[PDB]
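Notes to accompany the following structure.
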Amino acid sequence: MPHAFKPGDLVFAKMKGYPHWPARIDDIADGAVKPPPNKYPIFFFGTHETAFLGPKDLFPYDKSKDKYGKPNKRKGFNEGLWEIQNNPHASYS
């Protein structure tokens with residue numbers, strides 16, 4: 001059975017106006033700004049941007065890739081597909 005989301009989990013994350021996007025649950029570094037309650041820090045592959053999202057917008061990657069893991073014309077999307085498949089746990093800083 002599923003657990004709660006934890007750092008390192010791979011997802012597609014949904015934001016308004018954007019396609020379901022390859023992403024990971026990030027850690028919060030010591031001294032870094034914490035997310036709001038019930039939100040997770042989401043690192044978006046390709047764009048390398050971060051947003052705070054709750055579980056309603058997080059789709060586990062294994063289950064969802066057949067639907068959501070196709071190329072898209074949006075900036076950073078195809079780079080992000082490569083990252084989540086090939087080196088999803090690397091430093092992109």
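Note on naming: chains are A, B, ... as they come in the structure tokens, residues start from 1 per chain, ligands start from 1 in the order shown.
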
Write out as a PyMOL selection string each polymer residue whose atoms come within 9 Å of stretch 39-45 of chain A, counting only C-alpha atoms; drop sequence neighbours fewer than 5 positions from it. chain A and resi 5-7+12-13+21-28+34+50-55+76-77+79-84+88+92

Please dump the current selection as a short mmCIF file (atom, residue, chain, number, x, y, z; two decimals), in the first residue's frame; keep N, CA, C and O atoms.
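Okay, part_20.cif is ready:
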```cif
data_model
loop_
_atom_site.label_atom_id
_atom_site.label_comp_id
_atom_site.auth_asym_id
_atom_site.auth_seq_id
_atom_site.Cartn_x
_atom_site.Cartn_y
_atom_site.Cartn_z
N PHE A 5 3.83 10.89 0.72
CA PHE A 5 4.95 11.44 -0.04
C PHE A 5 6.15 11.67 0.88
O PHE A 5 6.00 12.09 2.04
N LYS A 6 7.34 11.39 0.33
CA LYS A 6 8.58 11.64 1.05
C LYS A 6 9.61 12.22 0.07
O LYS A 6 9.53 12.02 -1.14
N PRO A 7 10.64 12.92 0.57
CA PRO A 7 11.70 13.41 -0.31
C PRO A 7 12.28 12.29 -1.17
O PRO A 7 12.53 11.19 -0.67
N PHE A 12 4.56 13.24 -11.55
CA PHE A 12 4.20 14.36 -12.39
C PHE A 12 3.39 15.32 -11.52
O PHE A 12 2.52 14.84 -10.78
N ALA A 13 3.72 16.62 -11.58
CA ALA A 13 3.11 17.60 -10.69
C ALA A 13 2.28 18.53 -11.58
O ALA A 13 2.72 18.93 -12.66
N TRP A 21 3.74 17.73 -15.08
CA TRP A 21 5.14 18.03 -15.37
C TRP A 21 6.04 17.07 -14.58
O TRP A 21 5.87 16.94 -13.38
N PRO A 22 7.11 16.49 -15.19
CA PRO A 22 8.05 15.64 -14.43
C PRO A 22 8.73 16.39 -13.27
O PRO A 22 9.24 17.51 -13.47
N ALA A 23 8.71 15.81 -12.08
CA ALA A 23 9.17 16.52 -10.90
C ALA A 23 9.53 15.53 -9.79
O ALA A 23 9.30 14.33 -9.90
N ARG A 24 10.15 16.05 -8.73
CA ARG A 24 10.42 15.23 -7.55
C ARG A 24 10.02 15.97 -6.27
O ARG A 24 9.97 17.21 -6.26
N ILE A 25 9.75 15.20 -5.22
CA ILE A 25 9.64 15.81 -3.90
C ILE A 25 11.05 16.13 -3.40
O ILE A 25 11.87 15.22 -3.33
N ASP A 26 11.32 17.39 -3.11
CA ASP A 26 12.65 17.78 -2.63
C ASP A 26 12.75 17.68 -1.11
O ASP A 26 11.78 17.61 -0.38
N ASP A 27 14.01 17.65 -0.62
CA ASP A 27 14.31 17.90 0.78
C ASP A 27 14.22 19.40 1.04
O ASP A 27 14.22 20.21 0.12
N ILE A 28 14.10 19.78 2.31
CA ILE A 28 14.29 21.18 2.69
C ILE A 28 15.67 21.21 3.37
O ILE A 28 15.90 20.43 4.28
N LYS A 34 10.72 26.93 4.66
CA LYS A 34 9.83 25.77 4.74
C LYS A 34 8.59 26.01 3.89
O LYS A 34 8.20 27.14 3.63
N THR A 50 11.04 25.62 -8.47
CA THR A 50 10.42 24.99 -7.31
C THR A 50 9.07 25.67 -7.07
O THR A 50 8.96 26.91 -7.17
N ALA A 51 8.06 24.87 -6.70
CA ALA A 51 6.78 25.36 -6.23
C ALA A 51 6.30 24.48 -5.07
O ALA A 51 6.82 23.38 -4.84
N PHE A 52 5.34 24.99 -4.28
CA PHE A 52 4.81 24.24 -3.16
C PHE A 52 3.44 23.70 -3.55
O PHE A 52 2.57 24.45 -4.01
N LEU A 53 3.27 22.38 -3.42
CA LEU A 53 2.04 21.76 -3.91
C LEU A 53 1.57 20.72 -2.90
O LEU A 53 2.32 20.11 -2.13
N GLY A 54 0.24 20.52 -2.87
CA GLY A 54 -0.24 19.43 -2.04
C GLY A 54 -0.55 18.19 -2.90
O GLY A 54 -0.52 18.24 -4.15
N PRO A 55 -0.87 17.06 -2.22
CA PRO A 55 -1.02 15.75 -2.88
C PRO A 55 -2.03 15.68 -4.01
O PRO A 55 -1.90 14.86 -4.91
N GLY A 76 11.50 23.53 -21.48
CA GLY A 76 12.08 22.73 -20.41
C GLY A 76 11.48 21.33 -20.30
O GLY A 76 12.09 20.48 -19.64
N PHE A 77 10.33 21.07 -20.93
CA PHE A 77 9.59 19.82 -20.71
C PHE A 77 10.41 18.60 -21.13
O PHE A 77 10.53 17.62 -20.39
N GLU A 79 13.66 18.29 -21.70
CA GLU A 79 14.84 18.15 -20.87
C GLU A 79 14.40 17.50 -19.55
O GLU A 79 15.07 16.61 -19.01
N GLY A 80 13.26 17.97 -19.03
CA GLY A 80 12.76 17.38 -17.79
C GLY A 80 12.43 15.89 -17.92
O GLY A 80 12.62 15.16 -16.94
N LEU A 81 11.91 15.42 -19.08
CA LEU A 81 11.66 14.00 -19.27
C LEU A 81 12.97 13.21 -19.18
O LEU A 81 12.97 12.11 -18.64
N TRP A 82 14.06 13.81 -19.71
CA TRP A 82 15.32 13.09 -19.73
C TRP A 82 15.81 12.98 -18.29
O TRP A 82 16.30 11.94 -17.90
N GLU A 83 15.66 14.07 -17.51
CA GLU A 83 16.20 14.11 -16.16
C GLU A 83 15.50 13.07 -15.29
O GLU A 83 16.14 12.37 -14.54
N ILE A 84 14.16 13.00 -15.40
CA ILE A 84 13.44 12.13 -14.46
C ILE A 84 13.70 10.64 -14.79
O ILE A 84 13.71 9.79 -13.88
N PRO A 88 17.29 11.21 -11.88
CA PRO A 88 16.27 11.97 -11.15
C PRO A 88 16.71 12.44 -9.77
O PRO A 88 16.06 13.30 -9.19
N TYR A 92 20.88 19.61 -9.42
CA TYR A 92 20.62 20.43 -10.59
C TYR A 92 20.79 21.90 -10.20
O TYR A 92 20.29 22.76 -10.89
#
```

Would you list, as a PyMOL selection string, the residues of chain A that end up in helix (DSSP H, G or I) under DSSP run on this structure's backbone? chain A and resi 55-57+61-68+77-86

Taking N, CA, C and O atoms for each residue, export the selection above as a short mmCIF file (atom, residue, chain, number, x, y, z; two decimals), in the first residue's frame.
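Output contents, as saved in again.cif:
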```cif
data_model
loop_
_atom_site.label_atom_id
_atom_site.label_comp_id
_atom_site.auth_asym_id
_atom_site.auth_seq_id
_atom_site.Cartn_x
_atom_site.Cartn_y
_atom_site.Cartn_z
N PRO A 55 -0.87 17.06 -2.22
CA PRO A 55 -1.02 15.75 -2.88
C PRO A 55 -2.03 15.68 -4.01
O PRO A 55 -1.90 14.86 -4.91
N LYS A 56 -3.04 16.58 -3.96
CA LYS A 56 -4.02 16.56 -5.05
C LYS A 56 -3.41 16.83 -6.44
O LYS A 56 -3.96 16.46 -7.47
N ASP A 57 -2.21 17.47 -6.47
CA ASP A 57 -1.58 17.85 -7.71
C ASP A 57 -0.35 16.97 -7.95
O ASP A 57 0.41 17.28 -8.86
N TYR A 61 5.08 8.82 -10.44
CA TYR A 61 5.59 8.78 -11.79
C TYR A 61 5.43 7.40 -12.47
O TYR A 61 5.05 7.40 -13.64
N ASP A 62 5.62 6.34 -11.69
CA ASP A 62 5.59 4.98 -12.23
C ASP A 62 4.23 4.73 -12.86
O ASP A 62 4.17 4.52 -14.06
N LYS A 63 3.17 4.98 -12.06
CA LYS A 63 1.78 4.79 -12.49
C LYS A 63 1.39 5.68 -13.67
O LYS A 63 0.56 5.25 -14.49
N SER A 64 1.94 6.90 -13.77
CA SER A 64 1.43 7.98 -14.60
C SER A 64 2.21 8.24 -15.91
O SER A 64 1.83 9.10 -16.71
N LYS A 65 3.40 7.63 -16.05
CA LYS A 65 4.31 8.01 -17.11
C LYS A 65 3.77 7.66 -18.50
O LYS A 65 4.06 8.36 -19.46
N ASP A 66 2.97 6.59 -18.57
CA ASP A 66 2.36 6.14 -19.82
C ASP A 66 1.41 7.21 -20.37
O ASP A 66 1.29 7.37 -21.58
N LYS A 67 0.74 7.93 -19.48
CA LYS A 67 -0.17 9.00 -19.84
C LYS A 67 0.55 10.32 -20.04
O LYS A 67 0.20 11.08 -20.94
N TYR A 68 1.51 10.64 -19.14
CA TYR A 68 1.98 12.01 -19.03
C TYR A 68 3.41 12.18 -19.56
O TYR A 68 3.86 13.30 -19.80
N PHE A 77 10.33 21.07 -20.93
CA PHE A 77 9.59 19.82 -20.71
C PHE A 77 10.41 18.60 -21.13
O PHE A 77 10.53 17.62 -20.39
N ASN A 78 10.99 18.64 -22.34
CA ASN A 78 11.66 17.46 -22.88
C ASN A 78 12.98 17.22 -22.13
O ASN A 78 13.35 16.04 -21.91
N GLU A 79 13.66 18.29 -21.70
CA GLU A 79 14.84 18.15 -20.87
C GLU A 79 14.40 17.50 -19.55
O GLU A 79 15.07 16.61 -19.01
N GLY A 80 13.26 17.97 -19.03
CA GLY A 80 12.76 17.38 -17.79
C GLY A 80 12.43 15.89 -17.92
O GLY A 80 12.62 15.16 -16.94
N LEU A 81 11.91 15.42 -19.08
CA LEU A 81 11.66 14.00 -19.27
C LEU A 81 12.97 13.21 -19.18
O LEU A 81 12.97 12.11 -18.64
N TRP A 82 14.06 13.81 -19.71
CA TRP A 82 15.32 13.09 -19.73
C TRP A 82 15.81 12.98 -18.29
O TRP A 82 16.30 11.94 -17.90
N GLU A 83 15.66 14.07 -17.51
CA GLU A 83 16.20 14.11 -16.16
C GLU A 83 15.50 13.07 -15.29
O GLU A 83 16.14 12.37 -14.54
N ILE A 84 14.16 13.00 -15.40
CA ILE A 84 13.44 12.13 -14.46
C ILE A 84 13.70 10.64 -14.79
O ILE A 84 13.71 9.79 -13.88
N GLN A 85 14.01 10.35 -16.07
CA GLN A 85 14.30 8.97 -16.48
C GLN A 85 15.75 8.57 -16.21
O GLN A 85 16.03 7.40 -15.83
N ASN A 86 16.66 9.54 -16.36
CA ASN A 86 18.08 9.21 -16.46
C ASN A 86 18.89 9.59 -15.22
O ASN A 86 19.90 8.93 -14.94
#
```

Write down as a ChimeraX atom specification the residues of chain A whose backbone DSSP state falls under strand (DSSP E or B). /A:10-13,21-25,40-44,49-53,58-60

Generate the output file for the selected residues, N, CA, C and O atoms, as a PDB file, in the first residue's frame.
```pdb
ATOM      1  N   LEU A  10       9.295  10.453  -7.058  1.00  0.00           N
ATOM      2  CA  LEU A  10       9.211  10.979  -8.423  1.00  0.00           C
ATOM      3  C   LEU A  10       7.727  11.048  -8.783  1.00  0.00           C
ATOM      4  O   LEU A  10       6.973  10.095  -8.501  1.00  0.00           O
ATOM      5  N   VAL A  11       7.365  12.168  -9.422  1.00  0.00           N
ATOM      6  CA  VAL A  11       5.945  12.427  -9.723  1.00  0.00           C
ATOM      7  C   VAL A  11       5.816  13.138 -11.067  1.00  0.00           C
ATOM      8  O   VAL A  11       6.768  13.646 -11.653  1.00  0.00           O
ATOM      9  N   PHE A  12       4.557  13.241 -11.547  1.00  0.00           N
ATOM     10  CA  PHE A  12       4.204  14.363 -12.389  1.00  0.00           C
ATOM     11  C   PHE A  12       3.388  15.318 -11.521  1.00  0.00           C
ATOM     12  O   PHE A  12       2.518  14.842 -10.784  1.00  0.00           O
ATOM     13  N   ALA A  13       3.722  16.621 -11.577  1.00  0.00           N
ATOM     14  CA  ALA A  13       3.113  17.599 -10.695  1.00  0.00           C
ATOM     15  C   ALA A  13       2.279  18.532 -11.578  1.00  0.00           C
ATOM     16  O   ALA A  13       2.719  18.931 -12.658  1.00  0.00           O
ATOM     17  N   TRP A  21       3.735  17.731 -15.076  1.00  0.00           N
ATOM     18  CA  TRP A  21       5.144  18.033 -15.368  1.00  0.00           C
ATOM     19  C   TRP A  21       6.042  17.069 -14.583  1.00  0.00           C
ATOM     20  O   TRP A  21       5.874  16.945 -13.378  1.00  0.00           O
ATOM     21  N   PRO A  22       7.112  16.492 -15.192  1.00  0.00           N
ATOM     22  CA  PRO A  22       8.045  15.636 -14.430  1.00  0.00           C
ATOM     23  C   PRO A  22       8.728  16.393 -13.275  1.00  0.00           C
ATOM     24  O   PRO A  22       9.241  17.506 -13.466  1.00  0.00           O
ATOM     25  N   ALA A  23       8.707  15.807 -12.076  1.00  0.00           N
ATOM     26  CA  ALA A  23       9.175  16.516 -10.902  1.00  0.00           C
ATOM     27  C   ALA A  23       9.533  15.534  -9.790  1.00  0.00           C
ATOM     28  O   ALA A  23       9.301  14.333  -9.903  1.00  0.00           O
ATOM     29  N   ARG A  24      10.148  16.046  -8.726  1.00  0.00           N
ATOM     30  CA  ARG A  24      10.422  15.234  -7.546  1.00  0.00           C
ATOM     31  C   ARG A  24      10.022  15.972  -6.275  1.00  0.00           C
ATOM     32  O   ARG A  24       9.973  17.210  -6.261  1.00  0.00           O
ATOM     33  N   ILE A  25       9.749  15.204  -5.218  1.00  0.00           N
ATOM     34  CA  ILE A  25       9.643  15.812  -3.897  1.00  0.00           C
ATOM     35  C   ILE A  25      11.049  16.127  -3.402  1.00  0.00           C
ATOM     36  O   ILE A  25      11.867  15.224  -3.334  1.00  0.00           O
ATOM     37  N   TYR A  40       4.268  20.367  -0.051  1.00  0.00           N
ATOM     38  CA  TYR A  40       5.568  19.744  -0.288  1.00  0.00           C
ATOM     39  C   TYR A  40       6.375  20.649  -1.203  1.00  0.00           C
ATOM     40  O   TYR A  40       5.868  21.280  -2.108  1.00  0.00           O
ATOM     41  N   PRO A  41       7.719  20.688  -1.063  1.00  0.00           N
ATOM     42  CA  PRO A  41       8.548  21.414  -2.025  1.00  0.00           C
ATOM     43  C   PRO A  41       8.729  20.537  -3.261  1.00  0.00           C
ATOM     44  O   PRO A  41       9.210  19.410  -3.108  1.00  0.00           O
ATOM     45  N   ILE A  42       8.240  21.026  -4.412  1.00  0.00           N
ATOM     46  CA  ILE A  42       8.300  20.273  -5.662  1.00  0.00           C
ATOM     47  C   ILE A  42       9.389  20.871  -6.551  1.00  0.00           C
ATOM     48  O   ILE A  42       9.308  22.063  -6.921  1.00  0.00           O
ATOM     49  N   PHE A  43      10.370  20.033  -6.959  1.00  0.00           N
ATOM     50  CA  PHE A  43      11.373  20.465  -7.903  1.00  0.00           C
ATOM     51  C   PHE A  43      10.977  19.968  -9.282  1.00  0.00           C
ATOM     52  O   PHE A  43      10.772  18.773  -9.480  1.00  0.00           O
ATOM     53  N   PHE A  44      10.836  20.910 -10.211  1.00  0.00           N
ATOM     54  CA  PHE A  44      10.405  20.581 -11.556  1.00  0.00           C
ATOM     55  C   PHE A  44      11.611  20.329 -12.449  1.00  0.00           C
ATOM     56  O   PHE A  44      12.473  21.212 -12.621  1.00  0.00           O
ATOM     57  N   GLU A  49      12.681  24.721 -11.600  1.00  0.00           N
ATOM     58  CA  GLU A  49      11.973  25.631 -10.706  1.00  0.00           C
ATOM     59  C   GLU A  49      11.382  24.868  -9.527  1.00  0.00           C
ATOM     60  O   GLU A  49      11.303  23.624  -9.525  1.00  0.00           O
ATOM     61  N   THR A  50      11.041  25.616  -8.470  1.00  0.00           N
ATOM     62  CA  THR A  50      10.417  24.991  -7.314  1.00  0.00           C
ATOM     63  C   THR A  50       9.067  25.673  -7.068  1.00  0.00           C
ATOM     64  O   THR A  50       8.961  26.912  -7.169  1.00  0.00           O
ATOM     65  N   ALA A  51       8.059  24.872  -6.705  1.00  0.00           N
ATOM     66  CA  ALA A  51       6.776  25.360  -6.225  1.00  0.00           C
ATOM     67  C   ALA A  51       6.300  24.481  -5.072  1.00  0.00           C
ATOM     68  O   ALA A  51       6.820  23.377  -4.842  1.00  0.00           O
ATOM     69  N   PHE A  52       5.339  24.986  -4.280  1.00  0.00           N
ATOM     70  CA  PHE A  52       4.807  24.235  -3.165  1.00  0.00           C
ATOM     71  C   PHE A  52       3.436  23.698  -3.553  1.00  0.00           C
ATOM     72  O   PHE A  52       2.569  24.450  -4.005  1.00  0.00           O
ATOM     73  N   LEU A  53       3.272  22.377  -3.416  1.00  0.00           N
ATOM     74  CA  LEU A  53       2.037  21.759  -3.907  1.00  0.00           C
ATOM     75  C   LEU A  53       1.567  20.719  -2.902  1.00  0.00           C
ATOM     76  O   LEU A  53       2.316  20.114  -2.129  1.00  0.00           O
ATOM     77  N   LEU A  58      -0.221  15.883  -7.186  1.00  0.00           N
ATOM     78  CA  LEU A  58       0.978  15.023  -7.320  1.00  0.00           C
ATOM     79  C   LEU A  58       0.567  13.619  -7.759  1.00  0.00           C
ATOM     80  O   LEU A  58      -0.182  12.896  -7.067  1.00  0.00           O
ATOM     81  N   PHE A  59       1.095  13.213  -8.912  1.00  0.00           N
ATOM     82  CA  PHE A  59       0.769  11.901  -9.507  1.00  0.00           C
ATOM     83  C   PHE A  59       2.008  11.025  -9.510  1.00  0.00           C
ATOM     84  O   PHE A  59       2.970  11.364 -10.190  1.00  0.00           O
ATOM     85  N   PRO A  60       2.053   9.900  -8.784  1.00  0.00           N
ATOM     86  CA  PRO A  60       3.276   9.083  -8.786  1.00  0.00           C
ATOM     87  C   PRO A  60       3.742   8.730 -10.197  1.00  0.00           C
ATOM     88  O   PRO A  60       2.988   8.408 -11.123  1.00  0.00           O
TER      89      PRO A  60
END
```

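Checking A:38, A:47, A:31, A:19 one by one against residue A:71, counting only C-alpha atoms, you find the shortest gap at A:19.
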